[PDB]
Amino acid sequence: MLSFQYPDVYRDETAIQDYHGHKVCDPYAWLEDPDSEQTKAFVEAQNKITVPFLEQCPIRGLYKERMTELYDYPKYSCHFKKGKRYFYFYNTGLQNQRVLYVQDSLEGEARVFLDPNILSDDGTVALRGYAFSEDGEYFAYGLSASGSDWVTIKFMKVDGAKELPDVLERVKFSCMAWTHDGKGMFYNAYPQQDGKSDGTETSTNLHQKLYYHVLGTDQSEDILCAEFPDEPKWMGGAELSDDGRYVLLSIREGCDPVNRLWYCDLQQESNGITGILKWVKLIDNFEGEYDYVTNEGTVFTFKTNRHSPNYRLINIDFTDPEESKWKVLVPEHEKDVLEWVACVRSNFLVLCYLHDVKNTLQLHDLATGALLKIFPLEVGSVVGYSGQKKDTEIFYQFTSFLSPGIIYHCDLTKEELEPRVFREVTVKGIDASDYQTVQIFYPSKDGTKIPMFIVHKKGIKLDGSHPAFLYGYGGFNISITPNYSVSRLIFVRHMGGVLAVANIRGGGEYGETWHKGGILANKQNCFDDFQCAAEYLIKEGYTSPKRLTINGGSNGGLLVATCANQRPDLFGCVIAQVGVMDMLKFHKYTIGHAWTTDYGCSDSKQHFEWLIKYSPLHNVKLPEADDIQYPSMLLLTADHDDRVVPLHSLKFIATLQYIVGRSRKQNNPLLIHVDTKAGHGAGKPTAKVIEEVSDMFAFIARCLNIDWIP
């Protein structure tokens, strides 16, 4: 099978660093420089072997054609009202970017408001964040190029869709919040830095500040409103209260669901916004999360996890703010996680729960917290919502594994509430009734029961003969809930596969206790959980090791890479997308410092001892048994992934090819593809998405010798 040779890659045998008495050699440290001729030649030599391997077998073109056909369906966001007009996003099917539309009423003719597709030939300029003024008459929007996290904020007048001159640079991980006087907007920016700020650099991002931009001025005139010179990792995001009176400042340090909460009563400013605001430090620690829902005068409703790992709603009165005085408006549930809450039509709350990894949606009274109405849903996820305090209706979008989904609408001015289908699209080519979704709970090594969804053709025999695609993440309080993927459904229908999603620890599926079960000293639980999911699928006869593919992205790329090292015997194929692989150095680059809340940091001897045991870059080892080799492995990254700098995948593939690829017993390929004009994944154009999934499934098909089923 292997008709290519791995490139020669220089080993710097002098690169040796002491970590608390433990010496670590890093012979590919030079790949950390994205700008060197050496690194560019490495990337070119790797792509030169990967691309012909992926493109060689006809299955790729079959898969690409089917993906192009089946993914060509209309894609809508929820409608949302801003001032006098309605807006919604829409893609006719295959446009690189979805387009923002406007209409003057629900029954009115829609017109294009902002079309990002005309901003680049290849769809690589994308919207990243936006904010309407309170009256709906002005619009701020972020644009990102080539998939970078960096944003340029631009502005329009809504009436006539008129471009304005205002442009804000150095924006990253930013809030966007207009004062209700319409004068200007809060946002975040980073200080000037040496070298590039285009998404190809690795430079750490520190000293983010909060600024206020007055509409009609140059950015150089913007007011500095908050900064944390002694705390370089703090990030302060602003929002206005619904009544416009207060700026709420949520300060984060790292990725845990906690924040400080400070507020500024704008009426108490001496002469408007002219400098550092008179912040009142209501919650001045990082012990809990406080997510603003609404206020009524000085009584502020927050979603919190303070001594409530499944989350709850509390009211804090700014005039009596001691914790013993807080009122518990909606108490914590014993198992169900309160995922998010919105206030709509003055005195309603919309609460979205996660119950065994499925969403539910409820309407409650603001004054008492009492349940008023259940909005019924099929098994799946709520992935979109609209309805703010001054609005009198809600829209919400539902999706699941087998349906592209449904947008529902409810007029909350009616005495008897009746949610109704507003938009529904069906994909012809996939008959949902041919398939089933099951949820099972399997025991991990320590006995903990882990949820797993399995999607497969009805009536299959559990004889171990089916290819399987097992997905996980496991970190950052992220819950992996049902979602519609045509790409995975083509694997089911046209490659005879079984899909599985394991809700391993580290996620948010059972609240903060689930999250803490997969972090820090307990990160190995994630890997144990995922290996046990694979063992379940095999024992129960869905698949066999030689037919099993595992996949994950980002923290999920770490998951599958560590699993390949720890249990190479368990997997046929591993696809790691944009993965963090050097666990000793991840904190040095871009925003990597923020991830230490889940992983720890190698500057601590205690944390080093955890990290070294699972870091993918540091645990590449030939399997001891003669009959065991590494699975086929594909790493996917891109040259503007400034979220997870691509050096992670470059150093890891060099290591895999040297330690494992040189061994005579290794016949499964170990490959990387580095894309151009792309980043971590947000904003990726349709054309690139299609190529990426065609690559993934071609790699699976070729490595496992799976026939296409027309």
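Heads up: residue numbers just count along the shown sequence, starting at 1.
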Check: With respect to the recorded C-alpha B factors, which stretch has the higher mean value, 191-199 or 295-303?
Finding: 191-199
Margin query: Averaging CA B factors per stretch from the PDB record, which one is higher: 533-541 or 143-151?
Written below: 533-541
Note to self: Out of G518, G556, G592, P623, whose C-alpha atom has the biggest B factor in the entry?
What the structure shows: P623
Notebook entry, point to check: Considering only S241, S133, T368, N259, which residue's Cα atom bears the greatest B-factor as recorded?
Noted result: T368
Item checked: Lowest, middle or highest third - CA B-factor, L670 -> lowest
Next item on the list: Just say lowest, middle or highest third for the CA B-factor of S663 relative to the other modelled residues in its chain.
Entry: highest
Checklist line | Chain third (lowest, middle, highest) by recorded CA B-factor, residue given as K523 | finding: lowest
Check: Would the CA B-factor of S120 place it in the lowest, middle or highest third of its chain?
Finding: middle
Next item on the list: Among all modelled residues of this chain, ranked by Cα B factor, put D582 in the bottom, middle or top third, i.e. lowest, middle or highest.
Entry: lowest
